[PDB]
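Just so you know, all these numbers are worked out from the coordinates, no wet-lab data involved. We place every Cβ from the backbone using ideal geometry, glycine too, and count neighbours over all the protein chains shown.
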């Protein structure tokens, strides 16, 4: 059916505090991830949950920055980042993050 990626609130929880994020990250099966801001700083970051621990991936939008974007790959919008980040394995990070952003943190809850 429709994918919850079209919904920003499904993975966007910038309003959630870092401590609140732990609760959101806690109780979630591996694969679930959330996107949030540095709160007051313009820096962005998404946290993911792994069978091993909760992680805080960093994302940064700049004239030429976004977090995921290398000469080989270059994401123009965050919406595309979330879609591909679900098909990309985080293992590459710390060479031990065997997981893929599979479902938004607020995907199961809809208004």
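Structural remarks
- Meets criteria (within 18 Å of residue 7 (Cα to Cα) and out of contact with any strand residue (DSSP E or B) (no Cβ under 9 Å at 6 or more places or on another chain)) for residue 36: no
- Checking every residue in segment 73-85 against the condition of being more than 15 Å from the chain's Cα centre (by Cα), part of a strand (DSSP E or B) and surrounded by fewer than 13 Cβ atoms within 10 Å (Cβ to Cβ) gives at least one match.
- From the options 37, 22, residue that is more than 12 Å from the chain's Cα centre (by Cα), surrounded by 11 or more Cβ atoms within 10 Å (Cβ to Cβ), touching a residue at least 12 places away in the same chain (Cβ under 8 Å) and not in a loop (DSSP other than H, G, I, E, B): 22
- Hey, residue 15 free of Cβ contacts under 8 Å to residues at least 40 places away in the same chain, over 23 Å from residue 111 (Cβ atoms), in contact with a strand residue (DSSP E or B) (Cβ under 9 Å, 6 or more places away or on another chain) and in a loop (DSSP other than H, G, I, E, B) or not: no
- Within segment 41-66, the set of residues being touching a helix residue (DSSP H, G or I) at 6+ places or on another chain (Cβ under 8 Å), assigned to a loop (DSSP other than H, G, I, E, B) and within 21 Å of residue 17 (Cβ to Cβ) is empty.
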